[PDB]
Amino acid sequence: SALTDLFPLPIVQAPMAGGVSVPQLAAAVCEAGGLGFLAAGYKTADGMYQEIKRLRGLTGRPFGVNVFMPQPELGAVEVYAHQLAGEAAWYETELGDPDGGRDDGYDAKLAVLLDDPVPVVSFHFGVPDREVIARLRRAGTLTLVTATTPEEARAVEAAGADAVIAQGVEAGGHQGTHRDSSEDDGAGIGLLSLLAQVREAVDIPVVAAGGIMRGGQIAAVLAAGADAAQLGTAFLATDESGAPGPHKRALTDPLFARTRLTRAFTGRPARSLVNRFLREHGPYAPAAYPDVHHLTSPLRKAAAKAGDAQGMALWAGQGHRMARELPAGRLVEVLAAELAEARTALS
């Protein structure tokens, strides 16, 4: 596998936007033998570029950069904004402009990634034109794309991508569906089932993602056909992670015992720890991304500033309670040991 040939361990640190996966995190993962990732989501092409340069100065090993696919333009937003008036007053801040960018600097970011190629680039919220995949391939970059169904995985393969990331329903953060609709509600596929379906639907390498917190689960996905395992929440809790303290603390807090997929914070289905904001607005959140995301961004910033986890987007997979707080490099070592231990057991 061209992908797994880049790094020794079948472990990928999921790109996590919002200041979570900073250069220091990716570097520690890379240096430990895994594939570190930078998140270009919500950053400017320049911001992304600065982190790429930063990381190259931290490690000479392969790493990835994740980018969001532009989203097409859509009454519901107006109603939701109204329902958030109380939040705005409480956090003493104005709601953001719902119409503040849908491309997320896609064109400028691609220019950067093509002018100064990185080892791996992944895409979320859809599939790039096959010309984009081809140009990146020519530049020597491996391409990955998330799929949540075997149909989406076939689309990833048809686009010429090098590998597909099979993200199960257990995953933390945003579901990487190529298109969001009310129908996806309750249609999420468990990773073990999605992995098997995707493996039989395409011939390209598969990276399993969703709820993976232990080396034994990594062995599990490998046994089921995956070439590697991508972990977000497990790394969110590490020291190098730039996730806010209230967010890291919530992962193992009994008061945040459960997670749920919701459009409350961004207008697109994303798994977060259940908190006040989710309980109050989740049932009425409309499918309007990134409109809703822009709308609530100021609210979330204010909540974070105050250290109030009840008003934050506590992205977390279903395995959050198993999060371990230690250096990312040491977590890779523990995962590697658990993986080896599980391998031996299976024989």
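Residues carry their position along the shown sequence, with the first being 1.
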| When you step from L74 to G75 in this entry, do you jump over none, 1 to 3, 4 to 9, or 10 or more residues of the deposited sequence that have no coordinates? | 1 to 3
| request: Identify the stretch, either 198 to 206 or 91 to 99, whose C-alpha atoms have the larger mean B-factor according to the entry. | output: 91 to 99
| note | Per the PDB entry, mean CA B-factor is higher for 171 to 179 or 247 to 255, namely for 247 to 255
| note | Per the deposited entry, the peak Cα B-factor within the set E78, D162, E152, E131 goes to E78
| remark: By the entry's values, the third containing the CA B factor of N275 is the lowest
| request: Just say lowest, middle or highest third for the CA B-factor of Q24 relative to the other modelled residues in its chain. | output: middle
| message | By the recorded C-alpha temperature factor, relative to the other modelled residues in its chain, which third is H320 in? | response | lowest
| query | By its CA B factor, does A14 count among the lowest, middle or highest third of the modelled residues in the chain? | reply | lowest
| query | Going by the entry, which third of its chain does the Cα temperature factor of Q50 land in? | reply | highest
